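Each chain, written out:
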Amino acid sequence: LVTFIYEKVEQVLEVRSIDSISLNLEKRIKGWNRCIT
Amino acid sequence: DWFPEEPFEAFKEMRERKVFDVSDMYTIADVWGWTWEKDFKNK
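In its metadata, the entry names cryo-EM as the structure determination method and reports 3.5 Å as the resolution.

What follows is the structure, encoded as structure tokens:
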């Protein structure tokens, strides 16, 4: 009759080590690669 | 903790944390005394 929408970890180890530049660090690695050279 | 986004402040952190400082910034022309090389490289 009606639909509402309402608002309602070890996996981090599998990705904080395999790496895919997933954090704020990137915002900085990019800036350094853009400026420091 | 993060190093500053601004490169110069990041260098100031490099000094303060002693991760890199000017005393490590040395090369052969400054080390084996090749004082002549100043006259060759840039011309």
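(A) Structural view of the overall build of chain A. When its secondary structure is counted, chain A shows two helices and zero strands. Dimensions of chain A, computed from the C-alpha atoms along their principal axes, are close to 60 × 25 × 10 Å. A total of about 4000 Å² of accessible surface is found on chain A, and carbon and sulfur atoms cover 58% of it. Taking the average location of the 6 positive side-chain charges in chain A and that of its 5 negative ones, the two points are 12 Å from each other.

(B) Representation of the overall build of chain B within the structure. Regarding its fold elements, chain B presents three helices and zero strands. Counting from the amino terminus, helix and strand elements in chain B follow one another as α-α-α. When the backbone C-alpha atoms are referred to their principal axes, chain B occupies close to 45 × 20 × 10 Å. If you sum the accessible surface of chain B, you get close to 4100 Å²; carbon and sulfur atoms cover 59% of it. Charged side chains of chain B number 7 positive and 11 negative; the gap between the two group centres comes to 6 Å.

(C) Geometry of the pattern of salt bridges. Residues and elements named next belong to chain B. Within the structure shown, the criterion is met by three salt bridges over all chains. We note a salt bridge from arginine 17 to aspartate 1, for which the minimum N-O separation is 2.7 Å. A residue pair is termed long-range when its members are at least 10 positions apart, and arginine 17 in the loop between helix 1 (7-16) and helix 2 (28-31) and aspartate 1 in the segment before helix 1 qualify at 16 residues. By relative accessible area, which is 39% here, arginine 17 ends up partly exposed. Measuring nitrogen to oxygen at the nearest pair gives 3.6 Å for the salt bridge that ties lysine 18 to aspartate 21. Taking the relative accessible area as the measure of exposure, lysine 18 reaches 63% and is therefore exposed.

(D) Fine view of the interface of chain B and chain A. Tallying the contact residues gives eight residues for chain B and nine residues for chain A. Of the roughly 660 Å² buried between chain B and chain A, counting both surfaces, carbon and sulfur atoms make up 63%. In terms of surface lost to chain A, no three residues of chain B exceed B:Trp2, B:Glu5 and B:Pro7, which account for 72% of the buried area on that side. Inspection of the region where chain B meets chain A yields one residue pair in polar contact. Classifying every residue of the side of chain B that touches chain A by side-chain character gives seven nonpolar, no polar and one charged.

What counts, and where the lines are drawn
Residues numbered from 1 in each chain as written, not as in the entry; some residues may be left out. Chains lettered and ligands numbered in written order. Part of a larger assembly, values for the part shown. Heavy atoms only, no water. Helix = DSSP H or I, 4+ residues; strand = E, 2+ residues; numbered from the N terminus. Areas by Shrake-Rupley, 256 points an atom, 1.4 Å probe, with all protein chains shown as cover. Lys, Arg positive; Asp, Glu negative; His and termini not counted. Charge placed at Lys NZ, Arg CZ, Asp CG, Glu CD. Salt bridge = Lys/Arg side-chain N within 4 Å of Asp/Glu carboxyl O. Buried < 20%, exposed > 50% of the residue type's maximum accessible area, 1.4 Å probe, protein only. Contact = heavy atoms within 4.5 Å. Buried area = accessible area lost by both parts, 1.4 Å probe. Polar contact = N/O pair within 3.5 Å; in protein donor to acceptor, adjacent residues only side chain to side chain. Nonpolar A, V, L, I, M, F, W, Y, C, P; charged D, E, K, R; others polar.

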